[PDB]
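Chemist: my_file.pdb is reproduced below (PDB, N, CA and C atoms).
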```pdb
MODEL        1
ATOM      1  N   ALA A  22       0.827  -1.199   0.000
ATOM      2  CA  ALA A  22       0.000   0.000   0.000
ATOM      3  C   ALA A  22       0.864   1.252   0.000
ATOM      4  N   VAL A  23       1.796   1.303   0.956
ATOM      5  CA  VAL A  23       2.696   2.449   1.084
ATOM      6  C   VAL A  23       3.511   2.645  -0.191
ATOM      7  N   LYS A  24       4.288   1.636  -0.589
ATOM      8  CA  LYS A  24       5.077   1.786  -1.800
ATOM      9  C   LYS A  24       4.205   1.820  -3.040
ATOM     10  N   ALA A  25       2.991   1.262  -2.973
ATOM     11  CA  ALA A  25       2.087   1.347  -4.109
ATOM     12  C   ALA A  25       1.757   2.805  -4.363
ATOM     13  N   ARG A  26       1.534   3.553  -3.286
ATOM     14  CA  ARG A  26       1.268   4.972  -3.418
ATOM     15  C   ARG A  26       2.534   5.724  -3.817
ATOM     16  N   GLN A  27       3.705   5.274  -3.334
ATOM     17  CA  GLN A  27       4.971   5.914  -3.706
ATOM     18  C   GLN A  27       5.170   5.852  -5.206
ATOM     19  N   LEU A  28       5.047   4.654  -5.758
ATOM     20  CA  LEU A  28       5.200   4.494  -7.186
ATOM     21  C   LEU A  28       4.029   5.088  -7.941
ATOM     22  N   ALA A  29       2.859   5.248  -7.311
ATOM     23  CA  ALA A  29       1.760   5.906  -8.002
ATOM     24  C   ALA A  29       2.140   7.352  -8.244
ATOM     25  N   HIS A  30       2.722   7.962  -7.215
ATOM     26  CA  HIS A  30       3.209   9.326  -7.314
ATOM     27  C   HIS A  30       4.316   9.412  -8.344
ATOM     28  N   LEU A  31       5.229   8.446  -8.314
ATOM     29  CA  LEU A  31       6.346   8.456  -9.243
ATOM     30  C   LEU A  31       5.875   8.297 -10.676
ATOM     31  N   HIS A  32       4.927   7.400 -10.910
ATOM     32  CA  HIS A  32       4.421   7.191 -12.258
ATOM     33  C   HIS A  32       3.714   8.434 -12.760
ATOM     34  N   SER A  33       2.944   9.090 -11.887
ATOM     35  CA  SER A  33       2.260  10.310 -12.293
ATOM     36  C   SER A  33       3.272  11.394 -12.625
ATOM     37  N   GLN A  34       4.302  11.516 -11.782
ATOM     38  CA  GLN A  34       5.368  12.488 -11.975
ATOM     39  C   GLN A  34       6.051  12.300 -13.313
ATOM     40  N   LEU A  35       6.562  11.103 -13.540
ATOM     41  CA  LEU A  35       7.320  10.802 -14.742
ATOM     42  C   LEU A  35       6.472  10.903 -15.999
ATOM     43  N   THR A  36       5.221  10.449 -15.926
ATOM     44  CA  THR A  36       4.310  10.508 -17.060
ATOM     45  C   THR A  36       4.097  11.944 -17.490
ATOM     46  N   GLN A  37       3.658  12.743 -16.538
ATOM     47  CA  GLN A  37       3.392  14.129 -16.807
ATOM     48  C   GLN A  37       4.680  14.890 -17.058
ATOM     49  N   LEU A  38       5.814  14.377 -16.577
ATOM     50  CA  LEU A  38       7.086  15.002 -16.862
ATOM     51  C   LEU A  38       7.395  14.885 -18.334
ATOM     52  N   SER A  39       7.235  13.678 -18.889
ATOM     53  CA  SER A  39       7.483  13.471 -20.314
ATOM     54  C   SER A  39       6.581  14.377 -21.130
ATOM     55  N   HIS A  40       5.322  14.483 -20.698
ATOM     56  CA  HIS A  40       4.369  15.353 -21.374
ATOM     57  C   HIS A  40       4.821  16.808 -21.346
ATOM     58  N   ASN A  41       5.180  17.279 -20.159
ATOM     59  CA  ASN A  41       5.593  18.658 -19.978
ATOM     60  C   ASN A  41       6.864  18.971 -20.745
ATOM     61  N   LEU A  42       7.813  18.043 -20.770
ATOM     62  CA  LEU A  42       9.055  18.309 -21.480
ATOM     63  C   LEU A  42       8.825  18.371 -22.973
ATOM     64  N   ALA A  43       7.894  17.555 -23.480
ATOM     65  CA  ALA A  43       7.565  17.604 -24.898
ATOM     66  C   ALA A  43       7.019  18.973 -25.237
ATOM     67  N   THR A  44       6.036  19.396 -24.432
ATOM     68  CA  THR A  44       5.391  20.696 -24.531
ATOM     69  C   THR A  44       6.438  21.795 -24.560
ATOM     70  N   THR A  45       7.284  21.780 -23.539
ATOM     71  CA  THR A  45       8.353  22.722 -23.297
ATOM     72  C   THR A  45       9.288  22.902 -24.469
ATOM     73  N   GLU A  46      10.044  21.856 -24.779
ATOM     74  CA  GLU A  46      11.057  21.936 -25.818
ATOM     75  C   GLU A  46      10.478  22.296 -27.178
ATOM     76  N   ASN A  47       9.473  21.534 -27.630
ATOM     77  CA  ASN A  47       8.909  21.753 -28.955
ATOM     78  C   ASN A  47       8.326  23.146 -29.114
ATOM     79  N   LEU A  48       7.375  23.485 -28.259
ATOM     80  CA  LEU A  48       6.715  24.760 -28.405
ATOM     81  C   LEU A  48       7.633  25.926 -28.100
ATOM     82  N   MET A  49       8.648  25.740 -27.256
ATOM     83  CA  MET A  49       9.548  26.843 -26.963
ATOM     84  C   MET A  49      10.372  27.185 -28.186
ATOM     85  N   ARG A  50      10.969  26.168 -28.816
ATOM     86  CA  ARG A  50      11.771  26.411 -30.011
ATOM     87  C   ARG A  50      10.918  27.036 -31.103
ATOM     88  N   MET A  51       9.701  26.509 -31.251
ATOM     89  CA  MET A  51       8.762  27.004 -32.242
ATOM     90  C   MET A  51       8.453  28.471 -32.012
ATOM     91  N   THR A  52       8.058  28.794 -30.788
ATOM     92  CA  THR A  52       7.710  30.156 -30.432
ATOM     93  C   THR A  52       8.892  31.099 -30.538
ATOM     94  N   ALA A  53      10.116  30.607 -30.344
ATOM     95  CA  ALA A  53      11.274  31.480 -30.504
ATOM     96  C   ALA A  53      11.387  31.905 -31.954
ATOM     97  N   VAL A  54      11.159  30.948 -32.851
ATOM     98  CA  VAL A  54      11.196  31.258 -34.272
ATOM     99  C   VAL A  54      10.066  32.222 -34.616
ATOM    100  N   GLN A  55       8.882  31.967 -34.053
ATOM    101  CA  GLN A  55       7.726  32.827 -34.273
ATOM    102  C   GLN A  55       8.001  34.239 -33.792
ATOM    103  N   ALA A  56       8.707  34.348 -32.674
ATOM    104  CA  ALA A  56       9.027  35.636 -32.095
ATOM    105  C   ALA A  56       9.908  36.445 -33.019
ATOM    106  N   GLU A  57      10.967  35.825 -33.533
ATOM    107  CA  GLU A  57      11.840  36.565 -34.436
ATOM    108  C   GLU A  57      11.120  36.932 -35.726
ATOM    109  N   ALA A  58      10.179  36.091 -36.153
ATOM    110  CA  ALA A  58       9.424  36.399 -37.358
ATOM    111  C   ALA A  58       8.578  37.638 -37.135
ATOM    112  N   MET A  59       7.880  37.660 -36.008
ATOM    113  CA  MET A  59       7.041  38.789 -35.663
ATOM    114  C   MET A  59       7.871  40.038 -35.450
ATOM    115  N   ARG A  60       9.098  39.866 -34.954
ATOM    116  CA  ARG A  60      10.001  40.984 -34.736
ATOM    117  C   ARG A  60      10.286  41.694 -36.041
ATOM    118  N   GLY A  61      10.808  40.940 -37.008
ATOM    119  CA  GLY A  61      11.122  41.529 -38.294
ATOM    120  C   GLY A  61       9.899  42.092 -38.980
ATOM    121  N   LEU A  62       8.758  41.432 -38.793
ATOM    122  CA  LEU A  62       7.510  41.870 -39.391
ATOM    123  C   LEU A  62       7.126  43.252 -38.899
ATOM    124  N   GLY A  63       7.002  43.382 -37.585
ATOM    125  CA  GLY A  63       6.609  44.646 -37.014
ATOM    126  C   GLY A  63       7.617  45.737 -37.274
ATOM    127  N   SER A  64       8.899  45.382 -37.346
ATOM    128  CA  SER A  64       9.904  46.396 -37.613
ATOM    129  C   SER A  64       9.751  46.940 -39.017
ATOM    130  N   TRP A  65       9.444  46.053 -39.963
ATOM    131  CA  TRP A  65       9.260  46.480 -41.339
ATOM    132  C   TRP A  65       8.072  47.419 -41.443
ATOM    133  N   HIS A  66       6.976  47.060 -40.789
ATOM    134  CA  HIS A  66       5.805  47.924 -40.843
ATOM    135  C   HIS A  66       6.026  49.233 -40.115
ATOM    136  N   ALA A  67       6.851  49.202 -39.077
ATOM    137  CA  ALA A  67       7.152  50.416 -38.349
ATOM    138  C   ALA A  67       7.867  51.379 -39.267
ATOM    139  N   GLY A  68       8.895  50.882 -39.953
ATOM    140  CA  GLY A  68       9.611  51.720 -40.894
ATOM    141  C   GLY A  68       8.739  52.161 -42.053
ATOM    142  N   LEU A  69       7.718  51.364 -42.390
ATOM    143  CA  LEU A  69       6.809  51.757 -43.457
ATOM    144  C   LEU A  69       6.066  53.006 -43.041
ATOM    145  N   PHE A  70       5.550  52.986 -41.825
ATOM    146  CA  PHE A  70       4.846  54.154 -41.339
ATOM    147  C   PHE A  70       5.808  55.314 -41.100
ATOM    148  N   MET A  71       7.083  55.025 -40.812
ATOM    149  CA  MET A  71       8.066  56.094 -40.651
ATOM    150  C   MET A  71       8.225  56.841 -41.962
ATOM    151  N   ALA A  72       8.353  56.080 -43.041
ATOM    152  CA  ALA A  72       8.493  56.691 -44.349
ATOM    153  C   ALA A  72       7.220  57.415 -44.736
ATOM    154  N   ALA A  73       6.070  56.932 -44.267
ATOM    155  CA  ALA A  73       4.826  57.628 -44.556
ATOM    156  C   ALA A  73       4.828  58.985 -43.875
ATOM    157  N   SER A  74       5.377  59.026 -42.662
ATOM    158  CA  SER A  74       5.468  60.286 -41.940
ATOM    159  C   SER A  74       6.381  61.248 -42.679
ATOM    160  N   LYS A  75       7.499  60.743 -43.202
ATOM    161  CA  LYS A  75       8.381  61.623 -43.962
ATOM    162  C   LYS A  75       7.728  62.043 -45.269
ATOM    163  N   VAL A  76       6.855  61.196 -45.817
ATOM    164  CA  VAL A  76       6.133  61.538 -47.031
ATOM    165  C   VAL A  76       5.206  62.702 -46.750
ATOM    166  N   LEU A  77       4.674  62.784 -45.536
ATOM    167  CA  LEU A  77       3.811  63.903 -45.188
ATOM    168  C   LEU A  77       4.659  65.171 -45.117
TER     169      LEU A  77
ATOM    170  N   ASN B  53     -11.049  56.613-108.897
ATOM    171  CA  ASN B  53     -10.632  56.330-110.264
ATOM    172  C   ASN B  53      -9.121  56.162-110.390
ATOM    173  N   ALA B  54      -8.390  56.976-109.630
ATOM    174  CA  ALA B  54      -6.938  56.998-109.624
ATOM    175  C   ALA B  54      -6.312  56.370-108.395
ATOM    176  N   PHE B  55      -6.988  56.429-107.249
ATOM    177  CA  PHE B  55      -6.480  55.930-105.977
ATOM    178  C   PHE B  55      -7.312  54.776-105.433
ATOM    179  N   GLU B  56      -7.721  53.842-106.295
ATOM    180  CA  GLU B  56      -8.479  52.686-105.807
ATOM    181  C   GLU B  56      -7.616  51.808-104.907
ATOM    182  N   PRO B  57      -6.476  51.262-105.362
ATOM    183  CA  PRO B  57      -5.654  50.468-104.438
ATOM    184  C   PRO B  57      -5.053  51.319-103.334
ATOM    185  N   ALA B  58      -4.881  52.620-103.587
ATOM    186  CA  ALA B  58      -4.376  53.526-102.563
ATOM    187  C   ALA B  58      -5.358  53.599-101.407
ATOM    188  N   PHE B  59      -6.647  53.693-101.721
ATOM    189  CA  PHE B  59      -7.646  53.733-100.668
ATOM    190  C   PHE B  59      -7.778  52.367-100.019
ATOM    191  N   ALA B  60      -7.481  51.292-100.753
ATOM    192  CA  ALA B  60      -7.500  49.979-100.115
ATOM    193  C   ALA B  60      -6.389  49.915 -99.069
ATOM    194  N   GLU B  61      -5.235  50.501 -99.406
ATOM    195  CA  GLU B  61      -4.123  50.578 -98.469
ATOM    196  C   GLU B  61      -4.515  51.432 -97.275
ATOM    197  N   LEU B  62      -5.285  52.496 -97.525
ATOM    198  CA  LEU B  62      -5.743  53.339 -96.431
ATOM    199  C   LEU B  62      -6.658  52.563 -95.510
ATOM    200  N   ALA B  63      -7.518  51.716 -96.087
ATOM    201  CA  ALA B  63      -8.425  50.894 -95.294
ATOM    202  C   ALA B  63      -7.626  49.976 -94.381
ATOM    203  N   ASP B  64      -6.538  49.424 -94.914
ATOM    204  CA  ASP B  64      -5.683  48.560 -94.109
ATOM    205  C   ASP B  64      -4.999  49.348 -92.997
ATOM    206  N   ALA B  65      -4.530  50.557 -93.318
ATOM    207  CA  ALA B  65      -3.853  51.390 -92.329
ATOM    208  C   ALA B  65      -4.792  51.780 -91.203
ATOM    209  N   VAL B  66      -6.021  52.162 -91.541
ATOM    210  CA  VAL B  66      -6.973  52.535 -90.502
ATOM    211  C   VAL B  66      -7.365  51.314 -89.694
ATOM    212  N   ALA B  67      -7.351  50.126 -90.304
ATOM    213  CA  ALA B  67      -7.646  48.925 -89.536
ATOM    214  C   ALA B  67      -6.560  48.698 -88.493
ATOM    215  N   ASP B  68      -5.301  48.893 -88.897
ATOM    216  CA  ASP B  68      -4.191  48.752 -87.958
ATOM    217  C   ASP B  68      -4.279  49.819 -86.884
ATOM    218  N   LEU B  69      -4.712  51.018 -87.273
ATOM    219  CA  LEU B  69      -4.881  52.091 -86.309
ATOM    220  C   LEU B  69      -5.965  51.739 -85.322
ATOM    221  N   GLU B  70      -7.008  51.068 -85.788
ATOM    222  CA  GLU B  70      -8.080  50.688 -84.891
ATOM    223  C   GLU B  70      -7.578  49.670 -83.896
ATOM    224  N   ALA B  71      -6.744  48.747 -84.363
ATOM    225  CA  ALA B  71      -6.179  47.741 -83.476
ATOM    226  C   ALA B  71      -5.311  48.386 -82.405
ATOM    227  N   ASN B  72      -4.367  49.227 -82.832
ATOM    228  CA  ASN B  72      -3.483  49.895 -81.885
ATOM    229  C   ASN B  72      -4.256  50.806 -80.941
ATOM    230  N   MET B  73      -5.275  51.496 -81.449
ATOM    231  CA  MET B  73      -6.048  52.388 -80.601
ATOM    232  C   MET B  73      -6.877  51.609 -79.602
ATOM    233  N   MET B  74      -7.353  50.423 -79.977
ATOM    234  CA  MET B  74      -8.090  49.618 -79.019
ATOM    235  C   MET B  74      -7.154  49.151 -77.929
ATOM    236  N   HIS B  75      -5.931  48.786 -78.308
ATOM    237  CA  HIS B  75      -4.961  48.373 -77.308
ATOM    238  C   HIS B  75      -4.607  49.537 -76.398
ATOM    239  N   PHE B  76      -4.542  50.745 -76.957
ATOM    240  CA  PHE B  76      -4.261  51.923 -76.148
ATOM    241  C   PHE B  76      -5.379  52.165 -75.160
ATOM    242  N   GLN B  77      -6.614  52.111 -75.644
ATOM    243  CA  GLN B  77      -7.788  52.332 -74.812
ATOM    244  C   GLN B  77      -7.846  51.323 -73.677
ATOM    245  N   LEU B  78      -7.667  50.051 -74.018
ATOM    246  CA  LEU B  78      -7.706  48.978 -73.038
ATOM    247  C   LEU B  78      -6.600  49.103 -72.012
ATOM    248  N   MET B  79      -5.371  49.225 -72.483
ATOM    249  CA  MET B  79      -4.231  49.300 -71.594
ATOM    250  C   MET B  79      -4.264  50.562 -70.755
ATOM    251  N   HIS B  80      -4.783  51.659 -71.300
ATOM    252  CA  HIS B  80      -4.875  52.875 -70.515
ATOM    253  C   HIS B  80      -5.915  52.693 -69.434
ATOM    254  N   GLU B  81      -6.985  51.957 -69.739
ATOM    255  CA  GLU B  81      -7.988  51.681 -68.722
ATOM    256  C   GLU B  81      -7.402  50.791 -67.644
ATOM    257  N   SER B  82      -6.570  49.833 -68.059
ATOM    258  CA  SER B  82      -5.933  48.926 -67.120
ATOM    259  C   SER B  82      -5.053  49.720 -66.174
ATOM    260  N   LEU B  83      -4.269  50.619 -66.743
ATOM    261  CA  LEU B  83      -3.402  51.459 -65.948
ATOM    262  C   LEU B  83      -4.196  52.436 -65.112
ATOM    263  N   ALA B  84      -5.377  52.827 -65.576
ATOM    264  CA  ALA B  84      -6.204  53.735 -64.807
ATOM    265  C   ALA B  84      -6.668  53.046 -63.544
ATOM    266  N   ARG B  85      -7.111  51.800 -63.684
ATOM    267  CA  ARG B  85      -7.553  51.031 -62.531
ATOM    268  C   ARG B  85      -6.393  50.790 -61.578
ATOM    269  N   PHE B  86      -5.226  50.488 -62.146
ATOM    270  CA  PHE B  86      -4.009  50.272 -61.375
ATOM    271  C   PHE B  86      -3.664  51.502 -60.557
ATOM    272  N   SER B  87      -3.597  52.632 -61.242
ATOM    273  CA  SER B  87      -3.260  53.894 -60.626
ATOM    274  C   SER B  87      -4.277  54.282 -59.581
ATOM    275  N   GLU B  88      -5.552  54.015 -59.837
ATOM    276  CA  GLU B  88      -6.574  54.366 -58.866
ATOM    277  C   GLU B  88      -6.437  53.539 -57.604
ATOM    278  N   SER B  89      -6.126  52.253 -57.747
ATOM    279  CA  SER B  89      -5.962  51.420 -56.564
ATOM    280  C   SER B  89      -4.764  51.877 -55.750
ATOM    281  N   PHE B  90      -3.639  52.105 -56.415
ATOM    282  CA  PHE B  90      -2.452  52.535 -55.694
ATOM    283  C   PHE B  90      -2.613  53.950 -55.162
ATOM    284  N   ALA B  91      -3.414  54.771 -55.838
ATOM    285  CA  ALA B  91      -3.640  56.132 -55.382
ATOM    286  C   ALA B  91      -4.437  56.126 -54.108
ATOM    287  N   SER B  92      -5.558  55.411 -54.107
ATOM    288  CA  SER B  92      -6.376  55.329 -52.910
ATOM    289  C   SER B  92      -5.609  54.644 -51.789
ATOM    290  N   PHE B  93      -4.750  53.682 -52.150
ATOM    291  CA  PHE B  93      -3.914  52.980 -51.191
ATOM    292  C   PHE B  93      -3.027  53.966 -50.453
ATOM    293  N   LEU B  94      -2.147  54.623 -51.196
ATOM    294  CA  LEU B  94      -1.262  55.591 -50.586
ATOM    295  C   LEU B  94      -2.001  56.785 -50.032
ATOM    296  N   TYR B  95      -3.193  57.080 -50.546
ATOM    297  CA  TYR B  95      -3.967  58.187 -50.029
ATOM    298  C   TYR B  95      -4.326  57.902 -48.598
ATOM    299  N   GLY B  96      -4.958  56.752 -48.374
ATOM    300  CA  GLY B  96      -5.316  56.359 -47.029
ATOM    301  C   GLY B  96      -4.101  56.170 -46.153
ATOM    302  N   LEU B  97      -2.974  55.776 -46.752
ATOM    303  CA  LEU B  97      -1.750  55.644 -45.982
ATOM    304  C   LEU B  97      -1.333  57.006 -45.461
ATOM    305  N   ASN B  98      -1.399  58.008 -46.334
ATOM    306  CA  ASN B  98      -1.069  59.364 -45.936
ATOM    307  C   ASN B  98      -2.057  59.855 -44.906
ATOM    308  N   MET B  99      -3.330  59.481 -45.064
ATOM    309  CA  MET B  99      -4.359  59.900 -44.126
ATOM    310  C   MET B  99      -4.065  59.377 -42.738
ATOM    311  N   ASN B 100      -3.642  58.120 -42.649
ATOM    312  CA  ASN B 100      -3.315  57.570 -41.345
ATOM    313  C   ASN B 100      -2.096  58.275 -40.787
ATOM    314  N   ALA B 101      -1.110  58.527 -41.644
ATOM    315  CA  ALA B 101       0.065  59.250 -41.188
ATOM    316  C   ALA B 101      -0.285  60.701 -40.898
ATOM    317  N   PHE B 102      -1.227  61.260 -41.657
ATOM    318  CA  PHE B 102      -1.660  62.634 -41.466
ATOM    319  C   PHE B 102      -2.431  62.807 -40.173
ATOM    320  N   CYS B 103      -3.053  61.740 -39.675
ATOM    321  CA  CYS B 103      -3.842  61.799 -38.459
ATOM    322  C   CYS B 103      -3.062  61.480 -37.196
ATOM    323  N   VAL B 104      -2.225  60.447 -37.229
ATOM    324  CA  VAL B 104      -1.475  59.972 -36.068
ATOM    325  C   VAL B 104       0.018  59.894 -36.324
ATOM    326  N   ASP B 105       0.589  60.961 -36.893
ATOM    327  CA  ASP B 105       2.022  61.039 -37.178
ATOM    328  C   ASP B 105       2.862  60.681 -35.949
ATOM    329  N   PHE B 106       3.503  59.525 -36.038
ATOM    330  CA  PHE B 106       4.323  58.894 -35.014
ATOM    331  C   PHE B 106       5.476  59.789 -34.576
ATOM    332  N   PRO B 107       6.142  59.488 -33.446
ATOM    333  CA  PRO B 107       7.283  60.305 -33.027
ATOM    334  C   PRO B 107       8.478  60.182 -33.965
TER     335      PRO B 107
ENDMDL
END
```
Please re-express this file's structure in structure tokens.

Modeler:
Amino acid sequence: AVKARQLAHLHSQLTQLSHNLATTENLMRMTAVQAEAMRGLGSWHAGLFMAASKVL
Amino acid sequence: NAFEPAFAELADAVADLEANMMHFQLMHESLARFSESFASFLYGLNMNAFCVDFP
């Protein structure tokens, strides 16, 4: 009973650990790429409006 | 009486003129639509810049 609960905790930990690490690594790398994409995107549009201001 | 084939040549020339003029009319209309889209585009762009000119 005692160790059954110990390993129940351990199995839950490790199971959800694998899940969380998958979530973590994959989506983090993905979002980092997404972040730099959005960075360059917004910067380009910012400069677009800058040139519009100079056009005025 | 004297310019029968000459007038036939004129008919051919005016036919070519009609072709070129139709292409001019069409292409000018195409460019008109083009220019109008880009004009309204940049117009509204200026309007946004004219209203909220950034620092």

Chemist: Step by step, work through what the PyMOL selection byres ((chain A) within 8 of (chain B)) selects in the shown file, and finish by giving those residues as an MDAnalysis selection string.

Modeler: chainID A and resid 70:71 73:77

Chemist: Taking all atoms of range 53-66 of chain B that appear in the file, build a box with edges along x, y and z, extend it by 8 Å on every side, and state its centre and edge lengths in Å to one decimal, as JSON.

Modeler:
```
{"center_x": -7.5, "center_y": 52.8, "center_z": -100.0, "size_x": 23.2, "size_y": 24.4, "size_z": 36.7}
```

Chemist: CA of residue 89 in chain B to CA of residue 72 in chain B: how many Å, to one decimal?

Modeler: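 Those two atoms sit 25.5 Å apart.
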
Chemist: Quick one: distance from CA of residue 49 in chain A to CA of residue 37 in chain A in Å, one decimal?

Modeler: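 Atom-to-atom, CA of residue 49 in chain A to CA of residue 37 in chain A, that is 17.4 Å.
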
Chemist: Figure out the distance between CA of residue 71 in chain B and atom C of residue 53 in chain B, please, to one decimal in Å.

Modeler: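 Distance reported for this atom pair: 28.4 Å.
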